[PDB]
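Asker: Test case, fold it:
(chains A and B, ligands or ions: 1)
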There are 2 protein chains.
Amino acid sequence: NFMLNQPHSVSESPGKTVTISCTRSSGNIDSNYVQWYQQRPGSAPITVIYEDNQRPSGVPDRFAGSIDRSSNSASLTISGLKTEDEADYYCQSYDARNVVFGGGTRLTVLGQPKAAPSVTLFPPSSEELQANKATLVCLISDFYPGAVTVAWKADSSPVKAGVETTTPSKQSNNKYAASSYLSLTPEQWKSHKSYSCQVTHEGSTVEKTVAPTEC
Amino acid sequence: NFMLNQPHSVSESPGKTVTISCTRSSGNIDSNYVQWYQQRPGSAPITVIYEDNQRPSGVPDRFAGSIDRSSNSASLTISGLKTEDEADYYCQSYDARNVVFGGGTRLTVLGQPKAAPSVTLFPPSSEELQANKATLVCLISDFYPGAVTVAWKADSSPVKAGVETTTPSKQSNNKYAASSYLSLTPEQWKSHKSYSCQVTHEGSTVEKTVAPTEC
Ligand SMILES: CCN(CC)c1ccc2c(C)c(CCN3C(=O)N[C@@]4(CCN(C(=O)c5c[nH]cn5)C4)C3=O)c(=O)oc2c1
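Answerer: Numbers count the residues shown, from 1 in each chain, chains lettered A, B, ... in the order given. Okay, here it is:
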């Protein structure tokens, strides 16, 4: 029985090299294979190293596994650091009576560039209106950092009720996405000339407007 | 190689028994050992079962591994459910050097009543069409537990490319919301008769369809 000790957290800027150590508490690091897993928030882990230093297909060659018997440790070295590398990393080995994991290392990539959101506003569908409901959705994607504020307008007037905005989550392009949705009656929707969603990100506001459409 | 297919989510109340299955797509489940890993949100993985049914020391006998050759499946059974059992559970096996992980099952220990999601599917906005974009958005609101899986269809064909789903977040009504969006070209969107959003939650799959037109 042994533990694998990892740093709690490491931070580095893009294009730099970072090293994550994994020290075996008891027994020799080289008595069993060390694996490394990467996990992005809200995703399942992916293997980036097995058998100490082997990369599965799809893993970039920027990921290098090594063993240092003299410090009884394994290391994951990431060269040419990219923002997609921001994640939790877990080392793992074998006891014969167990698969044991490190406590994990949070890798922060500093100085990721600002990215203004794409904002798309969807009016209620004919189908939804037929079911006596009216929802607007303001889709907000491709933004960094992951903080927006949203204000809604009925004509020019502030909407103060029926608004929800999801907590931004990092998507596969490593920029944030969220939706703000406004629940209306069909009568409220048809009573105004338009509704607007105003998304503020890092001091800049993007406004979209939709209106009831005749045929 | 093969896949290990787990249900996306399971739930129960404290003190109850829940089973998580793991079906091997090809080859015999008993040809190779099955392991089970627990990952509590914001924690490192831990092994709860190795070699089909062995418990590492420290793992309570509330956790039980089994093999069903009949269904070519493994199962984890957790009895006496406690709130600390809320976690993602992964099964894992191999054929020679190919290591295969299951997709993971979210186990929720119910803190509040179950709630089926409202699903609203939006066709592309006129404005975005004139920016050469045809994003579809599937809003998913008012659900508990906070675990959903979304699958998209172009006519009758599963879509893979261009799907993004946000991590479910708890809104002001203490229920979860998320959005799945499919980033289409206007030509992709018009080249099909319909697209469909399939949302799976707590033993049910709801479906919504949208189609092109002018109005
Ligand atoms: C919490 C438990 N846990 C331990 C960290 C997980 C959980 C799920 C996963 C999942 C889902 C994947 C992704 C899918 N996938 C596999 O099922 N197998 C590989 C392909 C081959 N591989 C190997 O490790 C491998 C192949 N020859 C030797 N080793 C990982 C893979 O990418 C993965 O790679 O690693 C996982 C690890």
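Asker: CA atoms only: put stretch A:121-130 into CSV for me.
Answerer: Listed next in CSV are the C-alpha coordinates belonging to stretch A:121-130 (Å, rounded to 0.1, in the frame of the first residue of the first chain):
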residue,chain,number,x,y,z
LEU,A,121,-31.2,35.9,-30.4
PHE,A,122,-34.0,33.4,-31.2
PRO,A,123,-37.7,34.4,-31.0
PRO,A,124,-40.4,32.0,-29.9
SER,A,125,-41.4,29.4,-32.6
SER,A,126,-44.9,29.0,-34.2
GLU,A,127,-44.9,25.5,-32.6
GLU,A,128,-44.1,26.8,-29.1
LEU,A,129,-46.7,29.7,-29.5
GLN,A,130,-49.3,26.9,-30.6
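Asker: who's the most centrally placed residue in chain A bridged to?
Answerer: By Cα atoms, centre = their mean, chain A has its centre lying nearest to residue A:170, at 2.5 Å. Applying DSSP bridges to residue A:170 gives these bridge partners: residue A:176.
Asker: How much space separates it from residue A:141?
Answerer: According to Cβ to Cβ, to the nearest Å, residue A:170 and residue A:141 sit 11 Å apart. C-beta: built from backbone N, CA, C; applies to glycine.
Asker: got any residues that touch both of the two?
Answerer: residue A:176 (Cβ atoms under 8 Å, 6 or more residues apart in numbering or on different chains).
Asker: how about the residues of chain A that lie near the ligand?
Answerer: Residues of chain A lying near the ligand by Cβ under 6 Å from any ligand atom: A:37, A:44, A:45, A:46, A:47, A:50, A:56, A:90.
Asker: which of the residues you listed are buried?
Answerer: Among those, those classed as buried by 16 or more other Cβ atoms under 10 Å in any protein chain shown are A:37, A:45, A:47, A:50, A:90.
Asker: Could you double-check that the second one lies in contact with residue A:36?
Answerer: By that I understand residue A:45. No. Judged on Cβ atoms under 8 Å, residue A:45 makes no contact with residue A:36 at a distance of 9.8 Å.
Asker: joint contacts of these two?
Answerer: residue A:90.
Asker: so what are the domain limits for chain A?
Answerer: Following curated CATH domains, chain A resolves into domains at A:4-109, A:118-210.
Asker: Can you verify residue A:129 is assigned to a helix?
Answerer: Yes. Applying DSSP: H, G, I helix; E, B strand; the rest coil, one finds residue A:129 inside a helix.
Asker: count of residues packed around residue A:186?
Answerer: Residues within reach of residue A:186, counting by other Cβ atoms under 10 Å in any protein chain shown, total 16.
Asker: rewinding a little: among the buried ones among the residues of chain A next to the ligand, which one lies nearest to chain B?
Answerer: Checking these against chain B by Cβ to the nearest Cβ gives residue A:90 as the nearest, at 5.9 Å.
Asker: Please, which helix or strand holds that closest one?
Answerer: Assessed by DSSP states H and E, residue A:90 sits inside strand A:87-94.
Asker: CA atoms of that strand as CSV?
Answerer: Backbone C-alpha positions of strand A:87-94 (Å, rounded to 0.1, in the frame of the first residue of the first chain) are rendered in CSV as follows:
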residue,chain,number,x,y,z
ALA,A,87,-7.0,21.0,-16.9
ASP,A,88,-6.6,18.7,-14.0
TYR,A,89,-3.9,16.0,-14.4
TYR,A,90,-3.9,12.7,-12.5
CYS,A,91,-1.0,10.2,-12.2
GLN,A,92,-1.8,6.6,-11.6
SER,A,93,0.0,3.3,-10.9
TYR,A,94,-0.7,-0.3,-9.5
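Asker: and that strand, how far from the chain's centre?
Answerer: Here strand A:87-94 is found 19 Å from its chain centre; the criterion is Cα atoms, centre = their mean, to the nearest Å.
Asker: next one: stretch A:193-201
Answerer: 25 Å.
Asker: Could you check that stretch and say which residues are buried?
Answerer: Residues of stretch A:193-201 classed as buried by neighbour count (16+ other Cβ under 10 Å): A:195, A:196, A:197, A:198, A:199, A:201.
Asker: So is that stretch next to chain B?
Answerer: No. Stretch A:193-201 is not in contact with chain B by Cβ under 8 Å from any Cβ of the partner chain; minimum separation 11.3 Å.
Asker: CA atoms only: put that stretch into PDB for me.
Answerer: Below are the C-alpha coordinates for stretch A:193-201, written out as PDB (Å, rounded to 0.1, in the frame of the first residue of the first chain):
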ATOM      1  CA  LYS A 193     -42.900  45.800 -31.100                       C
ATOM      2  CA  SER A 194     -39.700  43.900 -30.200                       C
ATOM      3  CA  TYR A 195     -37.600  42.300 -27.400                       C
ATOM      4  CA  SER A 196     -33.800  42.900 -27.100                       C
ATOM      5  CA  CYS A 197     -31.000  41.000 -25.300                       C
ATOM      6  CA  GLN A 198     -27.900  43.100 -24.300                       C
ATOM      7  CA  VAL A 199     -24.800  41.100 -23.400                       C
ATOM      8  CA  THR A 200     -22.000  43.000 -21.600                       C
ATOM      9  CA  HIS A 201     -18.500  41.300 -21.600                       C
END
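Asker: So what's the residue count around the closest residue to residue A:109 other than its chain neighbours?
Answerer: Computed as Cβ to Cβ, 6 or more residues apart in numbering or on different chains, the closest residue to residue A:109 that is not its neighbour in sequence is residue A:86, at 4.3 Å. Number of residues near residue A:86 (other Cβ under 10 Å) recorded here: 21.
Asker: just residue A:116 next, same as before
Answerer: When neighbours are counted by other Cβ under 10 Å, residue A:116 registers 13.
Asker: List the contacts of it.
Answerer: Shown in contact with residue A:116 (Cβ under 8 Å, 6+ apart): A:142, A:143, A:201, A:202, A:204, A:206.
Asker: Those into TSV, with extra columns for secondary structure?
Answerer: Listed next are these as TSV, based on three-state DSSP:
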residue	secondary structure
A:142	strand
A:143	strand
A:201	strand
A:202	coil
A:204	strand
A:206	strand
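Asker: which among those end up buried?
Answerer: For the contacts of residue A:116, buried by 16+ other Cβ under 10 Å: A:143, A:201, A:206.
Asker: residues in contact with stretch A:22-34?
Answerer: Residues contacting stretch A:22-34 (Cβ under 8 Å, 6+ apart): A:1-6, A:36, A:49-52, A:65, A:67-69, A:71-76, A:91-95, A:102.
Asker: Run the chain-centre distance for that stretch.
Answerer: With Cα atoms, centre = their mean, you get 32 Å for stretch A:22-34.
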